[PDB]
Each structure stands twice: as C-alpha cells, then as structure tokens.
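Dumped input.csv below, it's CSV, C-alpha atoms and all ligand atoms:
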chain,number,residue,atom,x,y,z
G,1,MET,CA,131.2,87.4,160.6
G,2,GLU,CA,127.5,87.8,159.8
G,3,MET,CA,128.0,87.3,156.1
G,4,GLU,CA,129.7,83.9,156.4
G,5,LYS,CA,126.8,82.5,158.3
G,6,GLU,CA,124.3,83.9,155.9
G,7,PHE,CA,126.4,82.1,153.2
G,8,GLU,CA,126.2,78.7,155.1
G,9,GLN,CA,122.5,79.2,155.7
G,10,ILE,CA,121.8,79.7,152.0
G,11,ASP,CA,124.1,76.9,151.0
G,12,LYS,CA,122.6,74.5,153.5
G,13,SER,CA,119.1,75.4,152.4
G,14,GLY,CA,120.1,75.3,148.7
G,15,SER,CA,118.3,78.7,148.2
G,16,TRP,CA,120.7,80.5,145.9
G,17,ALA,CA,118.3,80.6,143.0
G,18,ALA,CA,115.5,81.8,145.4
G,19,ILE,CA,117.7,84.7,146.6
G,20,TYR,CA,118.8,85.6,143.1
G,21,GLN,CA,115.2,85.7,141.8
G,22,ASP,CA,114.3,88.1,144.7
G,23,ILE,CA,117.1,90.4,143.4
G,24,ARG,CA,115.8,90.2,139.8
G,25,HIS,CA,112.3,91.1,140.9
G,26,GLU,CA,113.5,94.0,143.1
G,27,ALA,CA,115.9,95.4,140.5
G,28,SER,CA,115.4,98.9,139.0
G,29,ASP,CA,114.0,99.4,135.5
G,30,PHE,CA,114.8,102.6,133.7
G,31,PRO,CA,114.4,103.7,130.1
G,32,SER,CA,117.0,102.7,127.5
G,33,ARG,CA,115.6,104.6,124.5
G,34,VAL,CA,118.9,105.6,122.9
G,35,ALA,CA,120.1,102.0,122.8
G,36,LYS,CA,117.0,100.9,120.9
G,37,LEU,CA,117.1,103.4,118.2
G,38,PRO,CA,117.4,101.6,114.8
G,39,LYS,CA,120.6,103.4,113.9
G,40,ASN,CA,122.3,101.8,116.9
G,41,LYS,CA,121.3,98.2,116.4
G,42,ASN,CA,124.8,97.1,115.1
G,43,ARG,CA,126.4,98.8,118.1
G,44,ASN,CA,124.9,96.3,120.5
G,45,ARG,CA,126.0,92.7,120.9
G,46,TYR,CA,122.9,91.5,122.7
G,47,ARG,CA,119.2,92.3,122.2
G,48,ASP,CA,118.5,92.4,125.9
G,49,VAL,CA,121.6,94.2,127.4
G,50,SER,CA,121.2,98.0,126.9
G,51,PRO,CA,122.5,100.9,129.0
G,52,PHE,CA,120.0,103.0,130.8
G,53,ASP,CA,119.7,106.5,129.3
G,54,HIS,CA,120.4,108.1,132.6
G,55,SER,CA,123.8,106.5,133.2
G,56,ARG,CA,125.1,105.8,129.6
G,57,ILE,CA,128.5,106.9,128.5
G,58,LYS,CA,128.3,109.4,125.7
G,59,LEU,CA,131.0,109.7,123.0
G,60,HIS,CA,132.1,113.2,122.2
G,61,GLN,CA,131.1,113.1,118.5
G,62,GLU,CA,128.1,115.0,117.2
G,63,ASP,CA,127.6,112.2,114.6
G,64,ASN,CA,126.3,109.4,116.9
G,65,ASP,CA,127.3,109.5,120.5
G,66,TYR,CA,126.2,106.0,121.4
G,67,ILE,CA,128.3,103.2,122.9
G,68,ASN,CA,126.9,100.3,124.9
G,69,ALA,CA,128.6,101.4,128.2
G,70,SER,CA,127.3,102.5,131.6
G,71,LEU,CA,128.8,104.6,134.4
G,72,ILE,CA,128.4,103.0,137.8
G,73,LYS,CA,128.9,105.5,140.6
G,74,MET,CA,129.3,104.2,144.1
G,75,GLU,CA,129.0,107.3,146.3
G,76,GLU,CA,129.8,105.9,149.7
G,77,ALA,CA,132.8,103.8,148.4
G,78,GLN,CA,134.0,106.7,146.2
G,79,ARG,CA,134.5,104.3,143.4
G,80,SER,CA,133.4,104.7,139.8
G,81,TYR,CA,133.4,102.0,137.0
G,82,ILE,CA,132.5,101.9,133.4
G,83,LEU,CA,130.9,98.6,132.4
G,84,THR,CA,130.8,97.9,128.7
G,85,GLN,CA,130.3,95.0,126.3
G,86,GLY,CA,133.2,93.3,124.5
G,87,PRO,CA,133.8,95.5,121.5
G,88,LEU,CA,132.4,94.5,118.1
G,89,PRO,CA,134.5,94.7,114.9
G,90,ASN,CA,132.7,98.0,114.1
G,91,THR,CA,133.0,99.5,117.6
G,92,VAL,CA,136.7,99.0,118.4
G,93,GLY,CA,137.3,102.6,117.5
G,94,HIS,CA,134.5,103.8,119.7
G,95,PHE,CA,135.8,101.8,122.6
G,96,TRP,CA,139.2,103.4,122.5
G,97,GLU,CA,137.6,106.9,122.0
G,98,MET,CA,135.7,106.3,125.2
G,99,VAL,CA,138.9,105.2,127.0
G,100,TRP,CA,140.5,108.5,125.8
G,101,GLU,CA,137.6,110.8,126.6
G,102,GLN,CA,137.0,109.4,130.0
G,103,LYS,CA,140.7,109.6,131.0
G,104,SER,CA,140.7,105.9,132.1
G,105,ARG,CA,144.0,104.4,133.2
G,106,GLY,CA,143.0,100.7,133.1
G,107,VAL,CA,141.0,98.3,131.1
G,108,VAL,CA,139.9,95.1,132.8
G,109,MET,CA,139.0,92.2,130.5
G,110,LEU,CA,137.4,89.1,132.1
G,111,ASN,CA,137.0,86.9,129.0
G,112,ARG,CA,139.0,85.2,126.3
G,113,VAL,CA,138.5,86.4,122.7
G,114,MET,CA,137.2,82.9,121.8
G,115,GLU,CA,135.3,80.8,124.3
G,116,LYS,CA,133.2,77.7,123.6
G,117,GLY,CA,134.4,77.8,120.0
G,118,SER,CA,132.8,81.2,119.3
G,119,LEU,CA,134.0,84.7,119.2
G,120,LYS,CA,133.2,86.7,122.3
G,121,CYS,CA,134.7,90.0,121.3
G,122,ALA,CA,136.9,91.6,118.7
G,123,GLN,CA,140.7,91.5,119.0
G,124,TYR,CA,141.0,95.1,120.0
G,125,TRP,CA,144.6,95.5,121.1
G,126,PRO,CA,147.9,94.7,119.2
G,127,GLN,CA,149.6,91.4,119.6
G,128,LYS,CA,153.2,92.5,118.7
G,129,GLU,CA,155.2,95.6,119.6
G,130,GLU,CA,156.1,96.4,116.0
G,131,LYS,CA,152.5,96.0,114.6
G,132,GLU,CA,150.5,98.9,116.0
G,133,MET,CA,146.8,99.5,115.4
G,134,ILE,CA,145.3,102.6,113.9
G,135,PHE,CA,141.6,103.4,114.3
G,136,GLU,CA,140.9,105.6,111.4
G,137,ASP,CA,137.3,106.4,112.4
G,138,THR,CA,138.3,107.9,115.8
G,139,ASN,CA,141.8,109.0,114.9
G,140,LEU,CA,143.7,107.0,117.5
G,141,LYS,CA,146.8,104.9,117.5
G,142,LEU,CA,147.4,102.0,119.8
G,143,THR,CA,150.9,100.4,120.4
G,144,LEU,CA,151.8,97.4,122.5
G,145,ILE,CA,154.6,98.4,124.9
G,146,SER,CA,155.1,95.4,127.0
G,147,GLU,CA,153.3,92.2,128.0
G,148,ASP,CA,153.7,90.2,131.2
G,149,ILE,CA,152.0,86.8,131.0
G,150,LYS,CA,151.3,85.2,134.4
G,151,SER,CA,149.5,82.0,135.4
G,152,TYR,CA,146.0,83.4,135.8
G,153,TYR,CA,146.2,86.8,134.1
G,154,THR,CA,148.2,88.8,131.6
G,155,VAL,CA,149.1,92.5,132.1
G,156,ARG,CA,149.9,94.7,129.1
G,157,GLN,CA,151.2,98.2,128.8
G,158,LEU,CA,149.7,100.1,125.9
G,159,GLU,CA,150.3,103.5,124.5
G,160,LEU,CA,147.3,105.4,123.2
G,161,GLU,CA,148.0,108.3,120.9
G,162,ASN,CA,145.4,110.9,119.9
G,163,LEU,CA,146.6,111.5,116.4
G,164,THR,CA,144.7,114.9,116.3
G,165,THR,CA,146.6,116.4,119.2
G,166,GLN,CA,149.6,114.0,119.3
G,167,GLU,CA,148.9,113.6,123.1
G,168,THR,CA,149.8,110.1,124.3
G,169,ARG,CA,148.7,108.2,127.4
G,170,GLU,CA,149.8,104.9,129.0
G,171,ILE,CA,146.9,102.4,129.4
G,172,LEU,CA,147.1,99.2,131.4
G,173,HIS,CA,145.3,96.2,130.1
G,174,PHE,CA,144.4,93.7,132.8
G,175,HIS,CA,143.3,90.4,131.2
G,176,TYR,CA,142.0,87.6,133.4
G,177,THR,CA,142.5,84.6,131.2
G,178,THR,CA,141.3,81.7,133.4
G,179,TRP,CA,137.6,82.1,134.0
G,180,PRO,CA,136.1,78.8,133.0
G,181,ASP,CA,134.1,78.4,129.8
G,182,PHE,CA,131.2,77.1,132.0
G,183,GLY,CA,130.3,78.1,135.5
G,184,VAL,CA,132.5,80.0,137.9
G,185,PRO,CA,136.0,79.4,139.4
G,186,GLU,CA,136.1,76.8,142.2
G,187,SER,CA,138.2,79.1,144.4
G,188,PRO,CA,138.1,82.9,144.4
G,189,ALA,CA,141.8,83.1,145.3
G,190,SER,CA,143.2,84.0,141.8
G,191,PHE,CA,140.3,86.4,141.1
G,192,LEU,CA,140.9,88.3,144.4
G,193,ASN,CA,144.6,88.4,143.6
G,194,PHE,CA,143.8,89.8,140.2
G,195,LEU,CA,141.5,92.4,141.7
G,196,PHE,CA,144.2,93.6,144.1
G,197,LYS,CA,146.8,93.8,141.3
G,198,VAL,CA,144.4,96.1,139.5
G,199,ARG,CA,144.1,98.1,142.7
G,200,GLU,CA,147.9,98.4,143.2
G,201,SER,CA,148.3,99.7,139.6
G,202,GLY,CA,146.3,102.9,140.5
G,203,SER,CA,143.7,102.1,137.9
G,204,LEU,CA,140.8,102.3,140.4
G,205,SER,CA,142.0,105.4,142.2
G,206,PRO,CA,140.3,108.8,142.1
G,207,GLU,CA,143.1,110.6,140.4
G,208,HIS,CA,142.2,108.8,137.2
G,209,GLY,CA,139.0,108.4,135.2
G,210,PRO,CA,136.9,105.4,135.8
G,211,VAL,CA,138.3,102.0,135.0
G,212,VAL,CA,136.7,100.3,131.9
G,213,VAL,CA,135.5,96.7,132.7
G,214,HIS,CA,134.1,94.3,130.2
G,215,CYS,CA,133.3,90.6,129.6
G,216,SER,CA,131.0,89.4,126.8
G,217,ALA,CA,127.9,91.4,127.7
G,218,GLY,CA,129.4,93.5,130.5
G,219,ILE,CA,127.0,92.4,133.2
G,220,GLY,CA,128.0,89.0,134.5
G,221,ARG,CA,131.7,88.5,135.3
G,222,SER,CA,132.1,92.3,135.1
G,223,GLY,CA,129.5,92.7,137.8
G,224,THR,CA,131.3,90.2,140.0
G,225,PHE,CA,134.5,92.3,139.8
G,226,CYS,CA,132.8,95.6,140.8
G,227,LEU,CA,130.6,94.1,143.5
G,228,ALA,CA,133.6,92.5,145.2
G,229,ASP,CA,135.7,95.6,144.9
G,230,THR,CA,133.1,97.9,146.4
G,231,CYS,CA,132.0,95.5,149.1
G,232,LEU,CA,135.6,95.0,150.4
G,233,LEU,CA,136.2,98.8,150.3
G,234,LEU,CA,133.0,99.5,152.3
G,235,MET,CA,134.0,96.9,154.9
G,236,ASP,CA,137.3,98.9,155.4
G,237,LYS,CA,135.5,102.2,155.6
G,238,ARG,CA,132.6,101.5,158.0
G,239,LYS,CA,132.8,101.3,161.8
G,240,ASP,CA,130.8,98.0,161.6
G,241,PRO,CA,132.0,95.9,158.6
G,242,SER,CA,129.2,93.4,159.2
G,243,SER,CA,126.7,96.1,158.2
G,244,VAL,CA,127.7,95.6,154.5
G,245,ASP,CA,124.9,93.8,152.8
G,246,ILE,CA,126.0,92.5,149.4
G,247,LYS,CA,122.4,92.2,148.2
G,248,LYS,CA,121.8,95.9,148.9
G,249,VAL,CA,125.1,96.9,147.2
G,250,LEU,CA,124.2,94.8,144.2
G,251,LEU,CA,120.7,96.5,144.0
G,252,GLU,CA,122.4,99.9,144.1
G,253,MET,CA,124.7,99.0,141.3
G,254,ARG,CA,121.8,97.7,139.3
G,255,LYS,CA,120.3,101.2,139.3
G,256,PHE,CA,123.1,102.1,136.8
G,257,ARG,CA,123.3,99.0,134.6
G,258,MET,CA,120.8,96.2,134.2
G,259,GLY,CA,121.5,92.5,134.7
G,260,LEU,CA,124.6,92.7,136.9
G,261,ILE,CA,125.3,89.2,138.1
G,262,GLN,CA,123.7,86.9,135.5
G,263,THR,CA,123.3,83.6,137.4
G,264,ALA,CA,122.8,82.3,141.0
G,265,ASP,CA,126.2,80.7,140.7
G,266,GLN,CA,127.7,84.1,140.0
G,267,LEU,CA,125.9,85.4,143.0
G,268,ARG,CA,127.3,82.7,145.3
G,269,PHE,CA,130.8,83.2,143.9
G,270,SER,CA,130.5,87.0,144.6
G,271,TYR,CA,129.7,86.2,148.3
G,272,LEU,CA,132.6,83.8,148.4
G,273,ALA,CA,135.0,86.3,147.0
G,274,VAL,CA,134.0,89.0,149.5
G,275,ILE,CA,134.1,86.5,152.5
G,276,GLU,CA,137.5,85.2,151.5
G,277,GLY,CA,138.9,88.6,150.8
G,278,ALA,CA,137.7,89.8,154.2
G,279,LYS,CA,139.2,86.8,155.9
G,280,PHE,CA,142.5,87.5,154.1
G,281,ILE,CA,142.5,91.1,155.4
G,282,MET,CA,141.9,89.9,159.0
G,283,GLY,CA,144.9,87.7,158.8
G,284,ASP,CA,147.1,90.2,156.9
G,285,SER,CA,150.7,90.5,157.8
G,286,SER,CA,153.1,93.4,157.9
G,301,LIG,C1,142.0,90.6,150.2
G,301,LIG,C2,142.4,90.2,148.8
G,301,LIG,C3,142.9,88.8,148.7
G,301,LIG,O1,142.0,87.9,149.2
G,301,LIG,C4,142.5,86.6,149.0
G,301,LIG,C5,142.0,85.3,149.4
G,301,LIG,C6,142.8,84.2,149.1
G,301,LIG,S1,142.2,82.6,149.4
G,301,LIG,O2,141.2,82.3,148.5
G,301,LIG,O3,143.2,81.6,149.1
G,301,LIG,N1,141.5,82.5,151.0
G,301,LIG,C7,142.4,82.8,152.1
G,301,LIG,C8,143.7,82.5,152.0
G,301,LIG,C9,144.6,82.7,153.0
G,301,LIG,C10,144.0,83.2,154.2
G,301,LIG,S2,145.1,83.5,155.6
G,301,LIG,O4,144.6,82.9,156.8
G,301,LIG,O5,146.4,82.9,155.4
G,301,LIG,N2,145.3,85.2,155.8
G,301,LIG,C11,146.5,85.8,155.3
G,301,LIG,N3,147.7,85.2,155.0
G,301,LIG,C12,148.8,86.2,154.4
G,301,LIG,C13,148.1,87.5,154.5
G,301,LIG,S3,146.7,87.3,155.0
G,301,LIG,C14,142.7,83.5,154.3
G,301,LIG,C15,141.9,83.3,153.3
G,301,LIG,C16,144.0,84.3,148.4
G,301,LIG,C17,144.5,85.6,148.1
G,301,LIG,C18,143.7,86.7,148.4
G,301,LIG,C19,144.0,88.0,148.2
G,301,LIG,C20,145.2,88.4,147.5
G,301,LIG,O6,145.7,87.8,146.7
G,301,LIG,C21,145.8,89.8,147.9
G,301,LIG,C22,145.5,90.4,149.1
G,301,LIG,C23,146.1,91.6,149.3
G,301,LIG,BR1,145.7,92.5,151.0
G,301,LIG,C24,146.9,92.2,148.4
G,301,LIG,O7,147.5,93.4,148.7
G,301,LIG,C25,147.2,91.5,147.2
G,301,LIG,BR2,148.3,92.3,145.9
G,301,LIG,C26,146.6,90.3,147.0
Mind turning this structure into structure tokens?
Amino acid sequence: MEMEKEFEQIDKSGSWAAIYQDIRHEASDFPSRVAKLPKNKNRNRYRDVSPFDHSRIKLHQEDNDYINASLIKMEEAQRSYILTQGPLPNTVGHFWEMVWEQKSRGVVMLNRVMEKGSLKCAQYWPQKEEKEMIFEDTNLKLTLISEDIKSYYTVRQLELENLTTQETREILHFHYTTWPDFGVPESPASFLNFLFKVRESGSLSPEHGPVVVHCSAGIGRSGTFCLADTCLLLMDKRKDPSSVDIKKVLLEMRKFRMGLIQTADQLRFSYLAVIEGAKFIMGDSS
C-alpha cells in the first residue's frame, strides 16, 4: 500500500509541516468579491474565510443572495458537498433556506456549540419535540422528530416545513460530538464509523441534493470529512487504488473553497483516516 509507506516516511522524517506548506503554496486563489461587499460583513464569521465567487451557493432571494457556503464538486468520484460556516444568530434562517433550496437530505456538524468556553455557532435546531423553531425571515418551520444519542455522535431526525407551500421534508442531522477541543482524535476509528453512518443514511447519494457540512469556519474538520470520503470512494472505483494521491485530491477540492485542512495535524489525521479505512475494507467480512 503505497500510501501507508509515504505516511511512515513523512512521520519518520517529521516533515508534515513541510508537506502542508507545499499544499498551501500550490493552492488555487480565485476572486471572492461578493463575500467582501460591506453589506455582507455580518454574514461572515471569519475575516479570512470567504467563498470563491465561482463556487458559492446562492440563496434564491432577490434581496441579498449571499451565504458563506461553497459547492465542492468531485467529478470523478461523483460526490458533491456544500461546505459552510457554523451559522451565526443572524444567518440561521439563511442556513435552512439553503438546505431547502439545495434539496439536501443531511446536515453534518463536526463541532460542539461551545468549545474552549466560547460559542462556535448558533443553536440552530430545536432541543425538544414540543418546542419547534420558526424562521420568520425565510418562512420555514423546523421540528425535532427524534434524537438518538450515541457515544461519539448524535443523530437527529428533523422536519423542515416550507410555510409558503406547506411542503415538508425530512432532514437528518449528523452531529459528531467528540472532536477534541485541541488537536485531532488519536484514532480515526470513531470518525470513520461516523462517516459510514452518514453514507448508509443516503445523505451522500446522488438522488439527493448535496450534503451540508460545517464546523466553525467550514474548512478544517469539514475538509477532513470530505477528503476522506472522496479518497475512499476513488480507491473503490479505480483499477489501481494506490494511484489515489490525497495531496492531489486535496488540491482539487481547494479549487472550490479555500483553506480546506487548516493544520499539519489535520493533514496527518486525514491520511490516517484514509489508510485505516482502506485497511478495514481489505479485511471486510460478509
Ligand atoms: C472503512 C470505514 C471504517 O474504517 C474503520 C477503521 C476502524 S480502525 O480505526 O479501528 N482500524 C482498523 C480496525 C479494524 C481492522 S480489521 O483488521 O479488523 N478489518 C475488518 N474487521 C471487520 C471488518 S473489516 C482494520 C483497521 C474502525 C472502524 C472503521 C470503519 C467503520 O466503522 C465502518 C466500516 C464499514 Br465498511 C461500514 O459499513 C461501517 Br457502517 C462502518
């Protein structure tokens, strides 16, 4: 397995930061003019994380169509993802409008609402069945249907209702709750399990709109999720799985949203996830 030995090489040489800087300097740079318009400043959580104009998700409202969200299209893998920031108190309605308009079936959340004593995103889903949320600005209603709390993640069934047309849709919320406040998980086992539970739900499948994936900024943990998913799918599709180059896949995804994978530790973790996921498939039973 050519990837595992590249991993040992980099580890032995302690050159993860070196590899990561090469990726940073090779990464695409495209205009992000809409994101920097002054009227949009309170729609962005971070000054330096903007969607490229060419891949940004547009809301269907003539008013202001801006949301900090990007479409990542992986042609060969036939996967699409929407990566977005954790919603702000003033953008929770826009977030659910995007979910509605894009026909998404799943929302993947990779952070806790509070980490390190600070708020990382708004509480944007209801916490009790009988206390639904209404987003008056985008005319949507959100009801908690069920909630299944597991050791490393929680899954919620939500009902989204378009109050204007009275159409309703079932949305699955996949909430990974155990990413550490600092650094990355020591083992990728629970993260890979989570990813494949999202897969089995149908939320990544082509009959639905793109999954919505977010963390704090929508580039770091979120990038690790998409990169691992796409790499593992490509290894199943190609005649030669060892031809999959995680660095090249990462650079292709960075054509669609800047900053994916924020630290050298996240880069190493992404390799480790792909390697261990591959090895699990090679020993798979049935
Ligand atoms: C490929 C995705 C996946 O990758 C994983 C890696 C681990 S791991 O971190 O503990 N590493 C690991 C663990 C075990 C093995 S193994 O040698 O025991 N191979 C297999 N045993 C049963 C089936 S396959 C090889 C590597 C654990 C769990 C998974 C995992 C799953 O949790 C998982 C896999 C599939 Br396929 C699946 O349909 C679902 Br649902 C979950």
Using only C-alpha atoms and all ligand atoms, determine which residues fall within 12 Å of ligand LIG 301 (chain G), then list them as a short mmCIF file (atom, residue, chain, number, x, y, z; two decimals) with C-alpha atoms, in the frame of the given file.
data_model
loop_
_atom_site.label_atom_id
_atom_site.label_comp_id
_atom_site.auth_asym_id
_atom_site.auth_seq_id
_atom_site.Cartn_x
_atom_site.Cartn_y
_atom_site.Cartn_z
CA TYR G 152 146.00 83.40 135.80
CA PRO G 185 136.00 79.40 139.40
CA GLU G 186 136.10 76.80 142.20
CA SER G 187 138.20 79.10 144.40
CA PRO G 188 138.10 82.90 144.40
CA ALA G 189 141.80 83.10 145.30
CA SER G 190 143.20 84.00 141.80
CA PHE G 191 140.30 86.40 141.10
CA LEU G 192 140.90 88.30 144.40
CA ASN G 193 144.60 88.40 143.60
CA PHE G 194 143.80 89.80 140.20
CA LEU G 195 141.50 92.40 141.70
CA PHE G 196 144.20 93.60 144.10
CA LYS G 197 146.80 93.80 141.30
CA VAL G 198 144.40 96.10 139.50
CA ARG G 199 144.10 98.10 142.70
CA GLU G 200 147.90 98.40 143.20
CA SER G 201 148.30 99.70 139.60
CA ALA G 228 133.60 92.50 145.20
CA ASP G 229 135.70 95.60 144.90
CA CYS G 231 132.00 95.50 149.10
CA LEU G 232 135.60 95.00 150.40
CA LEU G 233 136.20 98.80 150.30
CA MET G 235 134.00 96.90 154.90
CA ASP G 236 137.30 98.90 155.40
CA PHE G 269 130.80 83.20 143.90
CA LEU G 272 132.60 83.80 148.40
CA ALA G 273 135.00 86.30 147.00
CA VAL G 274 134.00 89.00 149.50
CA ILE G 275 134.10 86.50 152.50
CA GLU G 276 137.50 85.20 151.50
CA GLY G 277 138.90 88.60 150.80
CA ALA G 278 137.70 89.80 154.20
CA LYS G 279 139.20 86.80 155.90
CA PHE G 280 142.50 87.50 154.10
CA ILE G 281 142.50 91.10 155.40
CA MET G 282 141.90 89.90 159.00
CA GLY G 283 144.90 87.70 158.80
CA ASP G 284 147.10 90.20 156.90
CA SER G 285 150.70 90.50 157.80
CA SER G 286 153.10 93.40 157.90
#
key: Contacts of residue 224 in chain G within 12 Å, only C-alpha atoms, excl. fewer than 6 positions in-chain, as a PyMOL selection string   = chain G and resi 83+110+179+184-185+188+191-192+195+213-215+218+230-231+246+249-250+253+259-274
message = For a test of reading the model, state the distance in Å between CA of residue 96 in chain G and CA of residue 158 in chain G, rounded to one decimal.
response =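 If I compute the distance from CA of residue 96 in chain G to CA of residue 158 in chain G, I get 11.5 Å.
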note = Using all atoms listed in the file, the best pick from G:113, G:74, G:99, G:108 as closest to residue 160 in chain G would be G:99
Top pick for closest residue to residue 64 in chain G, considering G:94, G:150, G:45, G:12 and counting all atoms listed in the file =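 Of G:94, G:150, G:45, G:12, the one nearest residue 64 in chain G, counting all atoms listed in the file, is G:94.
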inquiry  = What's around residue 164 in chain G at 12 Å? Count only C-alpha atoms, leave out sequence neighbours fewer than 5 positions away in its own chain, and write the answer as a list in words.
reply    =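 Answer for this query is residues 136, 137, 138, 139, 140 and 141 of chain G.
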